[PDB]
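This is what each chain is made of:
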Amino acid sequence: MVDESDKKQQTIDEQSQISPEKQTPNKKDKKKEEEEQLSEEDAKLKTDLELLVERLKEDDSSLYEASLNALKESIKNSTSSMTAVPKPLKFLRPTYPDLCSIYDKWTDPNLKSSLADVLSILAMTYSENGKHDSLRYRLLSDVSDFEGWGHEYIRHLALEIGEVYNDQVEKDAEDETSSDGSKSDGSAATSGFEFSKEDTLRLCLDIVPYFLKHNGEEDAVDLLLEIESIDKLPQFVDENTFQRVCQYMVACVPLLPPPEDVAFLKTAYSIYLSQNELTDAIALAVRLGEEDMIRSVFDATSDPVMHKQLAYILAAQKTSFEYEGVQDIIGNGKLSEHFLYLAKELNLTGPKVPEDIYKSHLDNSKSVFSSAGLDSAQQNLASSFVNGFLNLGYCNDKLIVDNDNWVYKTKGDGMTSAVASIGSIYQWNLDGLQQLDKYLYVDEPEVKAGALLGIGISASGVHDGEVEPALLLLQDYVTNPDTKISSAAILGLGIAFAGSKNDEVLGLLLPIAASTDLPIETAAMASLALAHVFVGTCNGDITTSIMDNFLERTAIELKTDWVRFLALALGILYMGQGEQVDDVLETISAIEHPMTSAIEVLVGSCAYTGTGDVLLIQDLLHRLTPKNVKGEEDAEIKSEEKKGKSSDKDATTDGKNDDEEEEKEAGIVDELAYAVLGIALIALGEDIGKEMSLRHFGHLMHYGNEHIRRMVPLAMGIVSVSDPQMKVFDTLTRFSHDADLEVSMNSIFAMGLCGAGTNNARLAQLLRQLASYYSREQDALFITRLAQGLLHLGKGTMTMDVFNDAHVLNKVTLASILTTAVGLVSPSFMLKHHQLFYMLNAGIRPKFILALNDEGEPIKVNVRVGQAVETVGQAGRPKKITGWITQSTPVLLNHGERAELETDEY
Amino acid sequence: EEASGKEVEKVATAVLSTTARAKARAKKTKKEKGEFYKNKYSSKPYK
């Protein structure tokens, strides 16, 4: 540390830790005197650069401050940075660290502020030279180790960030702001950024996303594509490149408004398209939901290759995976056009092959019944629906149904729903139609209606490739003018085709959904189907539905039930979109009535989704307001009011669920806690408000995909046993269903206690019973999830009927709806060219460890399990493929996606 | 004024404020994101 003069080169470094002589005195004098020393100075630059490099290792604040103290003065005092022009400009290499030594090593509040500003200006000027880039690189990839640079280097980068962010917040932009003093664009700093990006992408991760989101343009993102696609395999594997891209997009989700957020993810998809894995591609194309992107990934494998090859089989598999079946329709018929084999291809895209595979699973899972034996009165009705709720998905329980004794004892609305529950035994099945036909041709109009609903449920799994479409059976019923018949018909068509907006399905449904002048309660089903049809893909926000919602309001207000259902159908209709939905809020609002104000708060949730935190504060100001106005003073109306209140509550919950899913997984925990504070606030304040919020809560959980399932449903249940509306219990059980037999062990005992114990009304008893049976599928037959499964950010379509029904006080009419519950998940299996029905092995891990992804790709260590096991629910979702040791290679990366595994053996 | 005089004032100030801040706060945040007297003599006369 102490001076020890010029005895050797080692002590020369020691000499200059206190006072330089080759950087201070000499150079200074030369620059401030002769200008032939401009020449000596040029050779001496090199020498000076080296002396920094040696003393970098020294960290103490004092022996960098003071040493280079007078050089800092010299920028403006003696050189004035233009006494010899070019020569200070290229001599700014070493003077730029001097400035940084006062910013960062020494902290003097007054100078650290002021000199930030100086540093920015000079970073720009010296980046024309493109030597400011090299200054940055020698600290980024390092030469020496000291604590100092680990803090310093962030500042250099921070200058760039500073300015670029501010141009969004202040409109004046550029170097007019004296906060940076540096021009936002121009061909001088732009070339600096590209070069900076290169070096920081290789070694670090920090600044590469910041630059995009501050520019705000999809253009920044498209430069990223170019560089990264070079890096795809020779610099590091496919896998690594993928984890970065989606880390950028998933982390900045909350702060991207609608138009910006679609526009960013386009570019992530395309990055994926360029790179080797098309498996990564298909998954993003789905995110977006645009038709246009699905077709390019399906095409890319089908059209080039003339031969059948792998290429045709792979296309079909990929579209087959969404059980919204939006992809199914689009991809079909290309297979026909190419004509290698019609027969294999067409069946494989179709959800027809997914039935067959189900039989393999069922075989392990066997049949255990646990149905109610109770007969007579409303208890007869209870039991007969309960039989279907336990044997959901493909089950065979034929014989029981054929015992028409119990079937016929159902009465009224119970008769329609009884036939409708039968349909769910043969849910997702070709066969079963038979059972339905017998009744349809005999007795009262009631059994006829109930038959059509069940057809709807059965047809869920066979409605493509023009193999018994539901459209075929149900058209005849629409023509028949009786209302019950016709209403039932369009409810089942809508369910079956789901997202599929095929020409025949859609267009049958298009003149119609346009008569509401005649007063008919059950015509809720007119719009309710079409909304369901619409979800799963980008919306037109159809002009049929929007016109009819308004017309109904003109005509009637008497049927409160009719208009509450209508309001919801509109909000469910706009699902699948958000950009276009900002428009329709206004359109709806043009016409203003207190009755119209109920419709708006609902729709607000779908437009603002995916950036909502304004939406949240709004759905809370609403809540407060009835009470609040009353608060100030203290120190026909019936229908309008009730719609008002009830809507808000639904809307708050919908908003939350959708935001938490897409946004940070962390945030899922916080939103549940906020809900509990909303309900507590309501239980005291309004008597009427409390009723609605109970029911909403169960679907809050099921939608949001809470991580915790053990504690919260149970605890909540207990308070709400005292509280009226036993329909609460059904909404909780749809969350609790989980991986059957994990959560649900606790559940059957907890739901069962209140039911069995208390009987004080059979009306009350009926809700409780149904809820119980729903929850469990015997020896893990299937799992229901609101989510796609294929994305875990994803949202379903078939599960939207479940989500609709928790807005109204319970009704026997409502029971009929409730039978419908669709939303299956397939069990993965390794496929072969002879279609092997068995998994070899898999890893499962309750909890991912990776913190690079918030999703968390599977670890490669896991805990090992056997063949032919259901893809586990929570605390088992991360799934890795074990097969590599038997010399087998996945073609279809599975991370715990719905998708079936597929393998190629060497 | 005594105490009851002061009660009217303090409550009036505060209500206006609780009402306003209730929602003004939430809104604004999120906007960027989406000589000990002695004679007291006086040189100027008065009447």
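Residues numbered from 1 in each chain as written, not as in the entry; some residues may be left out. Chains lettered and ligands numbered in written order. Part of a larger assembly, values for the part shown. Heavy atoms only, no water.

Per the PDB record, this model was obtained through cryo-EM at a reported resolution of 4.1 Å.

Under the PDB entry, the name given to chain B is 26S proteasome regulatory subunit RPN2, and the organism recorded is Saccharomyces cerevisiae. Its official PDB title, as written in the record, is "26S proteasome in presence of ATP (s1)".

The PDB entry annotates chain A as 26S proteasome regulatory subunit RPN1 of Saccharomyces cerevisiae. Of chain A, the UniProt comment under Function reads exactly: "Acts as a regulatory subunit of the 26S proteasome which is involved in the ATP-dependent degradation of ubiquitinated proteins." Looking at chain A in UniProt, the text filed under Sequence similarities is "Belongs to the proteasome subunit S2 family." (UniProt positions renumbered as here; feature names shortened; annotations may be inferred.)

Enquirer: Can you help me understand the overall build of chain A in this one?
Expert: Counting its secondary structure elements, chain A contains 46 helices and five strands. Across its three principal directions, the C-alpha atoms of chain A cover 115 × 80 × 50 Å. Within chain A, the fraction of its 906 residues that count as buried is 55%. Entry remark: accessible area of chain A is about 39200 Å², with carbon and sulfur atoms responsible for 58%. Both charge centroids of chain A, one from 81 positive and one from 144 negative side chains, sit 4 Å from each other. (Helix = DSSP H or I, 4+ residues; strand = E, 2+ residues; numbered from the N terminus. Buried < 20%, exposed > 50% of the residue type's maximum accessible area, 1.4 Å probe, protein only. Areas by Shrake-Rupley, 256 points an atom, 1.4 Å probe, with all protein chains shown as cover. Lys, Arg positive; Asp, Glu negative; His and termini not counted. Charge placed at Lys NZ, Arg CZ, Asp CG, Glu CD.)

Enquirer: Just checking my understanding: could you explain the nonpolar core for this structure?
Expert: Soluble, globular proteins show a tendency: their nonpolar side chains are buried together. Residues and elements named next belong to chain A. In this structure, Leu-452, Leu-493, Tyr-574, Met-575 and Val-603 are the most contacted members of the largest nonpolar core, which totals 97 residues. A per-element tally of this core places helix 34 (residues 560–574) first, with 10 residues. In this structure, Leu-140, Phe-146, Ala-189 and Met-249 belong to the second largest nonpolar core, which totals 45 residues. (Core = buried A, V, L, I, M, F, W, Y, C linked by side-chain atoms within 4.5 Å.)

Enquirer: Looking at this structure, I do not really get the packing of aromatic side chains. What am I missing?
Expert: Between two aromatic rings, the relevant description is the distance of the centres plus the angle of the planes. Residue and element names in this part refer to chain A. Scanning the entire structure with this criterion turns up eight aromatic pairs over all chains. Residues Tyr-408 and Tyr-439 carry aromatic rings whose centres are separated by 6.4 Å and whose planes lie at 75° to one another, so their mutual orientation is edge-to-face. You can see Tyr-408 sitting in helix 25 (residues 404–408) and its partner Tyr-439 sitting in helix 27 (residues 433–440), a full 31 residues away along the chain. For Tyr-439, a relative accessible area of 4% puts it in the buried group. Aromatic rings pair up to connect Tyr-358, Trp-428 and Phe-782 into one cluster. The side chain of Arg-734 reaches across the aromatic face of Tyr-774, ending 4.3 Å from its centre. (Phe/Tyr/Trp six-rings, centres within 6.5 Å; stacked < 30°, edge-to-face > 60°. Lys NZ or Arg CZ within 6 Å of the ring centre and 35° of its normal.)

Enquirer: Would you explain the side chain of A:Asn853 in this entry?
Expert: Residues and elements named next belong to chain A. Note on placement: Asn-853 falls in the loop between strand 1 (841–844) and strand 2 (863–865). Of note is the side chain of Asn-853, whose polar atom sits 3.3 Å from the backbone oxygen of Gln-243. Sequence-distant contacts of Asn-853, defined by excluding residues within four places in its chain, comprise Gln-243, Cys-246 and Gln-247. (Polar contact = N/O pair within 3.5 Å; in protein donor to acceptor, adjacent residues only side chain to side chain. Contact = heavy atoms within 4.5 Å.)

Enquirer: Mind showing me how you'd approach the packing of helix 1 (residues 9–18) of chain A against helix 3 (residues 38–55) of chain A here?
Expert: The description of two helices packed together rests on the angle between their axes and the distance between the axes. Residue and element names in this part refer to chain A. Where helix 1 contacts helix 3, the two axes come as close as 10 Å, and the packing angle between them is 85°. Between helix 1 and helix 3, the interaxial angle falls into the category roughly perpendicular. Residues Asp-13, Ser-16 and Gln-17 of helix 1 pack against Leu-51, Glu-54 and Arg-55 of helix 3. Grouping the amino acids of the contact of helix 1 with helix 3 by side-chain chemistry returns one nonpolar, two polar and three charged. (Axes fitted to C-alpha atoms, helices over the stretch in contact; angles between N-to-C directions. Parallel < 35°, antiparallel > 145°, perpendicular 65-115°, else oblique. Nonpolar A, V, L, I, M, F, W, Y, C, P; charged D, E, K, R; others polar.)

Enquirer: Any chance you could explain the pairing of strand 3 (residues 879–882) of chain A here in plain terms?
Expert: Remember that side chains alternate between the two faces of the sheet whenever the strand is regular. All names here are of chain A. Side chains of strand 3 alternate between two faces, with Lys-879 and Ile-881 and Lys-880 and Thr-882 buried alike. Sheet topology note: the strand 1/strand 3 ladder contains four bridges and is antiparallel. In the strand pairing of strand 3, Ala-842 is matched with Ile-881. (Pairing = 2+ DSSP bridges.)

Enquirer: Quick question: what am I supposed to make of a nonpolar patch on the surface here?
Expert: Residue and element names in this part refer to chain A. On the surface, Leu-620, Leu-621, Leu-624 and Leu-681 cluster together into a nonpolar patch covering about 290 Å² of accessible area. Mapped onto the elements of the fold, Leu-624 is located in helix 37 (residues 615–634). By relative accessible area, which is 34% here, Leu-624 ends up partly exposed. (Patch = residues over 30% accessible without salt bridge, like charges linked within 9 Å, V, L, I, M, F, W, Y side chains within 5 Å. Salt bridge = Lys/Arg side-chain N within 4 Å of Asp/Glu carboxyl O.)

Enquirer: I tried to follow the sheet that holds strand 1 of chain A on my own but got confused; where do I start?
Expert: Where strands meet in a sheet, backbone hydrogen bonds hold them as pairs that are either parallel or antiparallel. All names here are of chain A. A sheet is described by the order of its strands in space; here three strands give the open sequence 2-1-3, paired in antiparallel fashion. The open sheet has two edge strands, strand 2 and strand 3, and neither has a second partner. Here the average twist between neighbouring strands, direction ignored, is 35°. Summarising the sheet, strand 1 and strand 2 pair through three bridges and their orientation is antiparallel. Bridge pairing in strand 2 links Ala-842 to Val-865.

Enquirer: Sorry, what's going on with a negative patch on the surface here?
Expert: A cluster of acidic residues, A:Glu170, A:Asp172, A:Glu174, A:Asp175, A:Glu176, A:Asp185 and B:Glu32, forms a negative patch on the protein surface. As for its position among the elements, A:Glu176 is in the loop between helix 10 (149–169) and helix 11 (190–203).

Enquirer: Would you take a moment to explain the environment of A:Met711 for this structure?
Expert: Residues and elements named next belong to chain A. Mapped onto the fold, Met-711 is located in the loop between helix 40 (687–704) and helix 41 (712–722). Residue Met-711 is classed as exposed on the basis of its relative accessible area of 61%. On a C-alpha basis, the gap between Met-711 and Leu-852 in space is 29 Å, while along the polypeptide they are 141 residues apart.

Enquirer: What should I look at first to understand the interface of chain B and chain A in this one?
Expert: Accessible area lost upon the coming together of the parts serves often as the stated size of an interface. With six residues of chain B at the interface, the matching set in chain A holds six residues. Carbon and sulfur atoms supply 68% of the area buried between chain B and chain A, which totals about 600 Å² over both sides. At the boundary of chain B and chain A, one finds zero salt bridges. Seen at the junction of chain B and chain A, the total is zero residue pairs in polar contact. The residue inventory of the side of chain B that touches chain A, partitioned by class, reads two nonpolar, one polar and three charged. (Buried area = accessible area lost by both parts, 1.4 Å probe.)

Enquirer: What's the story with the packing of helix 29 (residues 470–479) of chain A against helix 30 (residues 483–497) of chain A in this structure? I'm lost.
Expert: All names here are of chain A. As a packed pair, helix 29 and helix 30 sit with axes 8 Å apart at the nearest point and diverge in direction by 160°. Relative to helix 30, the element helix 29 lies roughly antiparallel. The interaxial crossing formed by helix 29 with helix 30 has left-handed handedness. Residues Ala-470, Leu-471, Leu-474, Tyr-477 and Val-478 of helix 29 form the contact with helix 30, whose participating residues are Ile-485, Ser-486, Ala-489, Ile-490, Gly-492, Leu-493, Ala-496 and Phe-497. Tallied by class, the residues present in the contact of helix 29 with helix 30 amount to 11 nonpolar, two polar and no charged. (Left-handed = near helix turned anticlockwise from the far one by under 90°.)

Enquirer: Hey, could you run me through unusual backbone geometry in this one?
Expert: Excluding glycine, a negative phi dihedral is what most residues carry, and trans is how most peptide bonds are arranged. Residue and element names in this part refer to chain A. Phi is positive for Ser-80, which is not a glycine, with a value near 55°. In this structure, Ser-80 sits in the loop between helix 5 (69–77) and helix 6 (86–90). On the basis of relative accessible area, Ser-80 is assigned to the partly exposed category, the value being 38%.

Enquirer: Is there a simple way to think about helix 23 (residues 377–390) of chain A in this case?
Expert: Side chains three or four residues apart in an α-helix point the same way, a direct result of the helix having 3.6 residues per turn. With 12 of 14 residues buried, helix 23 of chain A is to be regarded as a mostly interior element. Within the span of helix 23 of chain A, buried status applies to A:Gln379, A:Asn380, A:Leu381, A:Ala382, A:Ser383, A:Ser384, A:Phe385, A:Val386, A:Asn387, A:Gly388, A:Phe389 and A:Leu390.

Enquirer: For this particular structure, what's the right way to read helix 2 (residues 25–32) of chain A?
Expert: Those residues of helix 2 of chain A lying buried are A:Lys27, A:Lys30 and A:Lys31. The arc that holds the buried residues of helix 2 of chain A, viewed along the axis, is 95°, so those residues lie on one side. (Arc of directions from axis to C-beta.)

Enquirer: Mind showing me how you'd approach the environment of A:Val869 here?
Expert: Residues and elements named next belong to chain A. Tracing the backbone through its elements, the reader meets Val-869 in the loop between strand 2 and strand 3. On the accessibility criterion, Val-869 (26% relative accessible area) is partly exposed. Taking the C-alpha atoms as reference points, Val-869 and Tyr-838, 31 residues apart in sequence, are found 9.4 Å from one another. Beyond its immediate stretch of four places on either side in the chain, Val-869 contacts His-361, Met-839 and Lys-879.

Enquirer: Looking at this structure, I do not really get the environment of A:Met547. What am I missing?
Expert: Relative to the elements of secondary structure, A:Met547 occurs in helix 33 (residues 543–555). Separated by 34 residues in the primary sequence, A:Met547 and A:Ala513 place their C-alpha atoms 9.3 Å from one another.

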